[PDB]
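Notes to accompany the following structure.
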Amino acid sequence: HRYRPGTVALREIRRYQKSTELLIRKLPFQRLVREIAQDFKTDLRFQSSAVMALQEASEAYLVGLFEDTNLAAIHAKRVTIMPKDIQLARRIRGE
Amino acid sequence: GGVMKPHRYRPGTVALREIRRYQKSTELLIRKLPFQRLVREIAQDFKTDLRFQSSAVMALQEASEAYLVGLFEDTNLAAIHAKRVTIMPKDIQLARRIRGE
Amino acid sequence: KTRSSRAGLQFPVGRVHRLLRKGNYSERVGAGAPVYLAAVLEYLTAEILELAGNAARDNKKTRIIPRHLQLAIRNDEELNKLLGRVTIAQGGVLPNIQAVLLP
Amino acid sequence: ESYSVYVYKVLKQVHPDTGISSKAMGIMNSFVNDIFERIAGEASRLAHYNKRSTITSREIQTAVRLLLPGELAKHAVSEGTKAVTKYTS
Amino acid sequence: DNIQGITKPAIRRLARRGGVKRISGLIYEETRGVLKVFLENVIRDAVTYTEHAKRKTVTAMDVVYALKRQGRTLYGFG
Amino acid sequence: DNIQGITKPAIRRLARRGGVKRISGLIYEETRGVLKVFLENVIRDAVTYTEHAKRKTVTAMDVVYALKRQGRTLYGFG
Amino acid sequence: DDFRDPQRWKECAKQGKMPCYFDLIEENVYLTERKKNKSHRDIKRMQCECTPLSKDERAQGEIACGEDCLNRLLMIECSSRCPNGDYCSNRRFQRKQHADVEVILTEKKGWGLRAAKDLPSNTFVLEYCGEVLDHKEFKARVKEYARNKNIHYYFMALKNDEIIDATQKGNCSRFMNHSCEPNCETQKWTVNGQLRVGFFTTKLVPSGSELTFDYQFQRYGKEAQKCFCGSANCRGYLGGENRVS
Amino acid sequence: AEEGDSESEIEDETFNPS
């Protein structure tokens with residue numbers, strides 16, 4: 001017994017639009033953040049709530065960008081999203 | 001013995017010529033008195049017996065023309081991304097959806 | 001002598017100091033602040049006027065027009081970022097045609 | 001009262017034999033007023049977060065570095081620093 | 001009906017300034033509604049500023065303040 | 001090289017929350033660059049506020065102010 | 001065979017060997033020209049967008065303003081303010097770059113032209129030049145001249161109100177005939193604000209082959225005429241009982 | 001040797017300092 005392609009995808013869409021947890025891990029994001037920050041001022045030290053706010057804002061931005069990417073892909077009469085859809089969404093958005 | 005006409009332009013040449021002609025100039029593209037009557041008619045719904053200046057309608061016309069030109073500039077990119085040349089109202093609705101309107 | 005002659009600027013300092021106390025920003029403006037802000041405004045004004053003068057000489061004219069200001073602002077990488085949400089009256093747009101429309 | 005004669009004084013230094021229309025003068029007036037309001041509002045925001053009662057060249061410099069782009073803000077900070085150095089010396 | 005005073009070649013001329021090569025037949029009826037909504041919003045805020053200022057004429061600075069409220073700064077009419 | 005720590009299942013779960021049914025193989029290198037521009041703007045503003053506040057430690061209110069400056073307005077951290 | 005000489009000679013009307021019974025003509029002349037046009041208010045300049053080099057010709061050298069120019073695609077010739085200057089190739093009505101033509105007898109339908117050498121597609125041949133009429137004079141001179149029993153009527157309508165006469169003065173483009181298999185045609189080029197009519201080729205015409213252009217068919221009177229070519233589907237007569245202009 | 005229509009400039013006069 002195997003599922004036909006798309007059933008597990010819709011099942012994941014349903015469960016991750018139902019859940020509210022964070023999707024990106026914490027130590028790789030923290031190592032990314034501590035590495036980017038040092039290029040603006042010397043000896044940076046971090047609280048936990050600063051990175052906890054950065055992760056919320058980053059995932060909200062990415063979900064709000066993939067929604068318009070999906071809208072562009074549906075408008076192009078396709079299902080698969082492409083990087084040109086992301087480029088069109090960031091061109092119309094004003095970035 | 002008849003008078004023959006030379007030829008007829010292919011569809012698109014006069015349109016691109018008008019694109020260059022109206023991207024070169026800087027002027028008002030809408031008639032002024034129908035715009036003034038439209039603004040006064042839609043302003044009767046908020047306060048009866050108002051009065052307007054001339055720069056107050058000129059600024060509205062400048063803002064409206066800039067808004068419509070920007071809307072068509074995004075809508076043309078939508079229509080090109082849809083692999084077409086003709087511009088549809090679904091392209092306008094997609095531009096107003098992605099822009100946030 | 002005036003403070004604009006002391007600092008070596010061209011924009012005034014007393015008018016900037018008057019607009020800083022008058023416009024309800026803090027229970028106190030500092031000092032070096034109107035001189036610093038007048039230098040920043042003079043630099044930005046000189047940059048805009050330099051690019052506008054170049055755009056005016058490029059079309060065989062001797063008077064700067066709002067179309068020349070529009071071309072000077074929109075043909076620059078950072079001034080377009082600073083003035084992205086600003087509509088200039090009688091300015092027009094940039095001439096460009098997409099490459100999928102030309103025969 | 002406006003900045004028109006000062007815009008003429010700046011214009012006659014970078015391009016001597018040129019002129020400017022009144023509409024462009026009004027656009028430059030609006031530009032100077034808009035940049036003044038932006039920098040003054042951001043410097044007013046910076047002085048409240050630290051519970052200080054003033055505004056200072058450090059506050060104006062921090063409002064310049066946040067608002068202007070990368071290559072423009074460096075020259076703006078350099079010109080303002082030179083002008084505030086020439087004021088006391 | 002003064003919304004029909006915004007004629008078809010005016011919308012076509014705005015689309016030629018916007019870079020549009022070929023136009024369908026419903027863009028005019030879409031553009032009239034878009035322009036109507038935008039003008040209703042800006043006129044509502046401008047008449048609100050005018051009624052607050054106790055005047056009866058609507059000046060141009062009220063229009064500039066309403067356009068600044070929408071987020072569209074206009075240089076020239078100050 | 002910690003932007004490879006934003007793995008392919010994490011971007012796929014973010015796209016499943018975004019409503020995307022089918023995903024190509026080139027989305028990930030674009031998404032990492034967009035995320036590493038958005039971070040390189042917000043942390044730049046946060047380190048500027050920290051460098052003004054005469055502080056060794058980047059707090060959360062600096063991040064909230066850096067997001068308020070760009071028009072994001074995050075609630076929940078003060 | 002052409003032999004353009006200013007001395008009038010002893011050939012009556014057929015103009016096949018002696019061209020000096022009528023007069024020739026340069027770029028056309030006007031009668032009631034007034035300063036109401038789009039000449040120098042919005043078509044002041046229409047400059048192409050080109051970033052050339054112009055220092056490397058005859059070796060890795062592309063010709064200036066080819067078929068990628070903004071003006072050649074939109075059927076406009078450049079002005080003197082071109083960035084190529086005196087190296088631009090759009091200005092073909094002004095530098096008088098023509099094709100090698102000759103006028104001899106081919107068929108008893110009349111006189112015409114045959115190609116001297118090989119001539120590729122989209123290549124300029126000759127400019128239609130004549131005398132520009134106006135509103136009132138056309139409908140008077142056509143009924144004044146119909147009673148003179150002429151065979152050839154040299155009338156071409158430039159616009160809805162402009163009809164050019166190439167009878168009193170005409171260049172070498174007045175002899176070209178009609179056929180239902182056209183290899184040349186007519187185009188509407190805009191030079192110096194004014195509209196001009198030219199002749200381009202469409203195929204690879206061999207050396208010694210016919211060069212005619214298609215008429216947009218028209219009758220003005222009661223009688224009818226017919227063509228003598230007969231390529232494959234020659235109608236000869238007009239398009240029925242039409243009366244448009 | 002060639003010039004544009006002055007009406008272009010007439011619609012927007014120069015700023016008068018007085």
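A note on labels: chains of the structure tokens are A, B, ... as shown, every chain counts residues from 1, and ligands are counted from 1 in their shown order.
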
Which residues come within 12 Å of residue 1 (chain H), counting only C-alpha atoms, excluding same-chain residues fewer than 3 positions away, as a ChimeraX atom specification? /G:79-81 /H:4

Need the shell around residue 22 (chain B): protein/DNA/RNA residues with any atom at most 9 Å away, counting only C-alpha atoms. Skip same-chain ones fewer than 3 positions apart. Format as a ChimeraX atom specification? /B:17-19,25-27 /E:13-14,16-18

Grab the CA of residue 204 (chain G) to CA of residue 122 (chain G) distance for me, in Å with one decimal place.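 Taking CA of residue 204 (chain G) as the start and CA of residue 122 (chain G) as the end point, the length is 9.5 Å.
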
For the reference chain E, what are the coordinates of chain F after least-squares fitting (all Cα, in-order pairing), as a CSV table (one decimal) with N, CA and C atoms, in the first residue's frame?
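Written output follows (superposed_39.csv):
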chain,number,residue,atom,x,y,z
F,1,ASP,N,-23.7,60.7,-13.6
F,1,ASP,CA,-22.8,59.7,-14.2
F,1,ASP,C,-21.7,60.3,-14.9
F,2,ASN,N,-20.7,60.8,-14.1
F,2,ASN,CA,-19.5,61.5,-14.7
F,2,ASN,C,-18.3,60.5,-14.7
F,3,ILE,N,-18.4,59.3,-14.3
F,3,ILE,CA,-17.3,58.3,-14.4
F,3,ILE,C,-17.3,57.7,-15.9
F,4,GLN,N,-18.3,58.0,-16.7
F,4,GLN,CA,-18.2,57.7,-18.1
F,4,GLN,C,-17.5,58.8,-18.9
F,5,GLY,N,-17.2,60.0,-18.2
F,5,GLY,CA,-16.4,61.0,-18.8
F,5,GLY,C,-14.9,60.7,-18.8
F,6,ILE,N,-14.5,59.6,-18.2
F,6,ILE,CA,-13.1,59.1,-18.3
F,6,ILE,C,-13.2,58.1,-19.5
F,7,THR,N,-12.9,58.6,-20.7
F,7,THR,CA,-13.2,58.0,-21.9
F,7,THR,C,-12.2,56.8,-22.2
F,8,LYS,N,-12.4,56.1,-23.2
F,8,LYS,CA,-11.6,55.0,-23.7
F,8,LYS,C,-10.2,55.5,-24.3
F,9,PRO,N,-10.2,56.5,-25.1
F,9,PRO,CA,-8.8,57.0,-25.5
F,9,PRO,C,-8.0,57.5,-24.4
F,10,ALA,N,-8.5,58.0,-23.3
F,10,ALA,CA,-7.7,58.5,-22.2
F,10,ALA,C,-7.1,57.3,-21.4
F,11,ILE,N,-7.9,56.3,-21.2
F,11,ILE,CA,-7.4,55.1,-20.6
F,11,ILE,C,-6.3,54.4,-21.5
F,12,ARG,N,-6.6,54.4,-22.8
F,12,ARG,CA,-5.6,53.9,-23.8
F,12,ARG,C,-4.3,54.7,-23.8
F,13,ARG,N,-4.4,56.0,-23.6
F,13,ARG,CA,-3.1,56.8,-23.6
F,13,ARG,C,-2.4,56.5,-22.3
F,14,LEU,N,-3.1,56.4,-21.1
F,14,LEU,CA,-2.5,56.0,-19.9
F,14,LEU,C,-1.8,54.6,-20.0
F,15,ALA,N,-2.4,53.7,-20.7
F,15,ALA,CA,-1.8,52.4,-20.9
F,15,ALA,C,-0.6,52.4,-21.8
F,16,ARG,N,-0.7,53.3,-22.8
F,16,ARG,CA,0.5,53.5,-23.7
F,16,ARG,C,1.7,54.1,-22.9
F,17,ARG,N,1.4,55.0,-22.0
F,17,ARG,CA,2.5,55.5,-21.1
F,17,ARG,C,2.9,54.4,-20.2
F,18,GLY,N,2.0,53.5,-19.8
F,18,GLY,CA,2.4,52.4,-18.9
F,18,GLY,C,3.1,51.3,-19.6
F,19,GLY,N,3.3,51.3,-21.0
F,19,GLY,CA,4.0,50.3,-21.7
F,19,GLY,C,3.2,49.2,-22.3
F,20,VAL,N,1.9,49.3,-22.3
F,20,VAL,CA,1.0,48.2,-22.8
F,20,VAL,C,0.9,48.3,-24.3
F,21,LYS,N,1.2,47.3,-25.0
F,21,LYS,CA,1.1,47.2,-26.5
F,21,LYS,C,-0.3,46.9,-27.0
F,22,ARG,N,-1.0,45.9,-26.3
F,22,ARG,CA,-2.3,45.4,-26.8
F,22,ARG,C,-3.3,45.4,-25.6
F,23,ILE,N,-4.5,45.9,-25.8
F,23,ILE,CA,-5.4,46.1,-24.8
F,23,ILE,C,-6.7,45.4,-25.1
F,24,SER,N,-7.3,44.7,-24.1
F,24,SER,CA,-8.6,44.0,-24.3
F,24,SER,C,-9.7,45.0,-24.2
F,25,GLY,N,-10.9,44.5,-24.2
F,25,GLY,CA,-12.1,45.3,-24.2
F,25,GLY,C,-12.8,45.4,-22.8
F,26,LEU,N,-12.2,44.8,-21.8
F,26,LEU,CA,-12.9,44.8,-20.5
F,26,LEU,C,-12.0,45.6,-19.4
F,27,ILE,N,-10.9,46.2,-19.8
F,27,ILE,CA,-10.1,46.9,-18.9
F,27,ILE,C,-10.7,48.1,-18.3
F,28,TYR,N,-11.6,48.7,-19.1
F,28,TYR,CA,-12.1,50.1,-18.8
F,28,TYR,C,-13.0,50.2,-17.6
F,29,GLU,N,-14.0,49.2,-17.6
F,29,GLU,CA,-14.9,49.1,-16.4
F,29,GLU,C,-14.2,48.8,-15.1
F,30,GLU,N,-13.0,48.1,-15.2
F,30,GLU,CA,-12.2,47.8,-14.0
F,30,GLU,C,-11.5,49.1,-13.6
F,31,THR,N,-10.9,49.8,-14.6
F,31,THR,CA,-10.1,51.0,-14.3
F,31,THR,C,-10.9,52.1,-13.7
F,32,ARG,N,-12.2,52.2,-14.2
F,32,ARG,CA,-13.1,53.3,-13.7
F,32,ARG,C,-13.4,53.0,-12.2
F,33,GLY,N,-13.6,51.7,-11.9
F,33,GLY,CA,-13.9,51.4,-10.5
F,33,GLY,C,-12.8,51.6,-9.5
F,34,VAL,N,-11.6,51.2,-10.0
F,34,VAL,CA,-10.4,51.4,-9.2
F,34,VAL,C,-10.1,52.9,-9.0
F,35,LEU,N,-10.3,53.7,-10.0
F,35,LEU,CA,-10.1,55.2,-9.9
F,35,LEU,C,-11.2,55.8,-9.0
F,36,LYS,N,-12.4,55.3,-9.0
F,36,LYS,CA,-13.5,55.7,-8.1
F,36,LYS,C,-13.5,55.1,-6.7
F,37,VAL,N,-12.6,54.2,-6.4
F,37,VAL,CA,-12.3,53.8,-5.0
F,37,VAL,C,-11.2,54.7,-4.5
F,38,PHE,N,-10.1,54.9,-5.3
F,38,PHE,CA,-9.0,55.8,-4.9
F,38,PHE,C,-9.4,57.2,-4.6
F,39,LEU,N,-10.3,57.8,-5.5
F,39,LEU,CA,-10.9,59.1,-5.3
F,39,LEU,C,-11.8,59.1,-4.0
F,40,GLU,N,-12.7,58.1,-3.9
F,40,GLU,CA,-13.5,58.0,-2.7
F,40,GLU,C,-12.8,57.7,-1.4
F,41,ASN,N,-11.5,57.5,-1.4
F,41,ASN,CA,-10.7,57.5,-0.2
F,41,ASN,C,-10.0,58.8,0.0
F,42,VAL,N,-9.4,59.4,-1.0
F,42,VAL,CA,-8.6,60.6,-0.9
F,42,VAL,C,-9.5,61.8,-0.6
F,43,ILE,N,-10.7,61.9,-1.3
F,43,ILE,CA,-11.6,63.0,-1.0
F,43,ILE,C,-12.2,62.9,0.3
F,44,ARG,N,-12.5,61.6,0.8
F,44,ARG,CA,-13.0,61.4,2.2
F,44,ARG,C,-12.0,61.9,3.2
F,45,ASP,N,-10.7,61.7,3.1
F,45,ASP,CA,-9.7,62.2,4.0
F,45,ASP,C,-9.6,63.7,3.9
F,46,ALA,N,-9.7,64.3,2.7
F,46,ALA,CA,-9.6,65.7,2.5
F,46,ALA,C,-10.8,66.4,3.0
F,47,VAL,N,-12.0,65.9,2.9
F,47,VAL,CA,-13.2,66.5,3.5
F,47,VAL,C,-13.2,66.3,5.0
F,48,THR,N,-12.5,65.3,5.5
F,48,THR,CA,-12.4,65.2,7.0
F,48,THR,C,-11.4,66.3,7.6
F,49,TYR,N,-10.3,66.5,6.9
F,49,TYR,CA,-9.4,67.6,7.3
F,49,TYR,C,-10.1,69.0,7.1
F,50,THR,N,-10.8,69.2,6.1
F,50,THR,CA,-11.5,70.4,5.8
F,50,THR,C,-12.6,70.7,6.9
F,51,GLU,N,-13.3,69.7,7.3
F,51,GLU,CA,-14.4,69.7,8.3
F,51,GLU,C,-13.8,69.8,9.7
F,52,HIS,N,-12.5,69.5,9.9
F,52,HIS,CA,-11.8,69.8,11.2
F,52,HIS,C,-11.3,71.2,11.2
F,53,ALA,N,-10.9,71.7,10.0
F,53,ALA,CA,-10.3,73.1,10.0
F,53,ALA,C,-11.3,74.2,10.0
F,54,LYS,N,-12.6,73.9,10.2
F,54,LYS,CA,-13.7,74.9,10.2
F,54,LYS,C,-13.7,75.8,9.0
F,55,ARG,N,-13.6,75.2,7.8
F,55,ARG,CA,-13.4,75.8,6.5
F,55,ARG,C,-14.5,75.4,5.5
F,56,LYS,N,-14.9,76.3,4.7
F,56,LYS,CA,-15.9,76.1,3.6
F,56,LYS,C,-15.2,75.6,2.3
F,57,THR,N,-13.9,75.7,2.2
F,57,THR,CA,-13.1,75.5,0.9
F,57,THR,C,-12.1,74.4,1.2
F,58,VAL,N,-12.0,73.4,0.3
F,58,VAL,CA,-11.0,72.4,0.3
F,58,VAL,C,-9.8,72.9,-0.4
F,59,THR,N,-8.7,73.1,0.3
F,59,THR,CA,-7.5,73.6,-0.3
F,59,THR,C,-6.6,72.5,-0.8
F,60,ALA,N,-5.4,72.8,-1.2
F,60,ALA,CA,-4.5,71.8,-1.7
F,60,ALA,C,-3.6,71.1,-0.6
F,61,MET,N,-3.4,71.8,0.5
F,61,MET,CA,-2.6,71.2,1.6
F,61,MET,C,-3.4,70.1,2.2
F,62,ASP,N,-4.7,70.2,2.3
F,62,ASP,CA,-5.5,69.1,2.7
F,62,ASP,C,-5.4,67.9,1.9
F,63,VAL,N,-5.3,68.1,0.5
F,63,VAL,CA,-5.1,67.0,-0.4
F,63,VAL,C,-3.7,66.4,-0.2
F,64,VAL,N,-2.7,67.2,0.0
F,64,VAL,CA,-1.3,66.7,0.2
F,64,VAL,C,-1.2,66.0,1.5
F,65,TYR,N,-1.9,66.4,2.6
F,65,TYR,CA,-1.9,65.7,3.8
F,65,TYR,C,-2.7,64.4,3.7
F,66,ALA,N,-3.8,64.4,2.9
F,66,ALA,CA,-4.5,63.1,2.7
F,66,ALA,C,-3.7,62.1,1.9
F,67,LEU,N,-2.8,62.6,1.0
F,67,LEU,CA,-1.9,61.7,0.3
F,67,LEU,C,-0.8,61.2,1.1
F,68,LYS,N,-0.3,62.1,2.0
F,68,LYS,CA,0.8,61.7,2.9
F,68,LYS,C,0.3,60.7,3.9
F,69,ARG,N,-1.0,60.7,4.3
F,69,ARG,CA,-1.6,59.8,5.2
F,69,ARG,C,-1.6,58.3,4.6
F,70,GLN,N,-1.7,58.2,3.3
F,70,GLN,CA,-1.8,56.9,2.6
F,70,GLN,C,-0.5,56.5,2.1
F,71,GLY,N,0.6,57.3,2.1
F,71,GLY,CA,1.9,56.9,1.6
F,71,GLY,C,2.1,57.2,0.2
F,72,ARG,N,1.8,58.4,-0.3
F,72,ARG,CA,2.0,58.8,-1.7
F,72,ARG,C,3.0,59.9,-1.9
F,73,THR,N,3.0,61.0,-1.0
F,73,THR,CA,4.0,62.0,-0.8
F,73,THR,C,4.3,62.7,-2.1
F,74,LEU,N,3.2,63.5,-2.5
F,74,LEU,CA,3.3,64.3,-3.8
F,74,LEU,C,4.1,65.6,-3.5
F,75,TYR,N,5.0,65.9,-4.4
F,75,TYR,CA,5.8,67.1,-4.4
F,75,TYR,C,5.3,68.1,-5.5
F,76,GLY,N,5.4,69.4,-5.2
F,76,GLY,CA,5.1,70.4,-6.1
F,76,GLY,C,3.9,71.3,-5.8
F,77,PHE,N,3.2,71.0,-4.7
F,77,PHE,CA,2.0,71.8,-4.3
F,77,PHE,C,2.2,72.3,-2.8
F,78,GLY,N,3.4,72.4,-2.4
F,78,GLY,CA,3.7,72.9,-1.0
F,78,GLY,C,3.9,71.8,-0.1

Please identify all residues of chain H having at least one atom at most 7 Å from any atom of chain D, considering only C-alpha atoms, and return them as number ranges by chain. H: 12-17

Using the chain letters and numbers from this document, which residues of chain C does DSSP assign to alpha helix (DSSP H), as a ChimeraX atom specification? /C:3-7,14-22,32-57,66-74,79-82
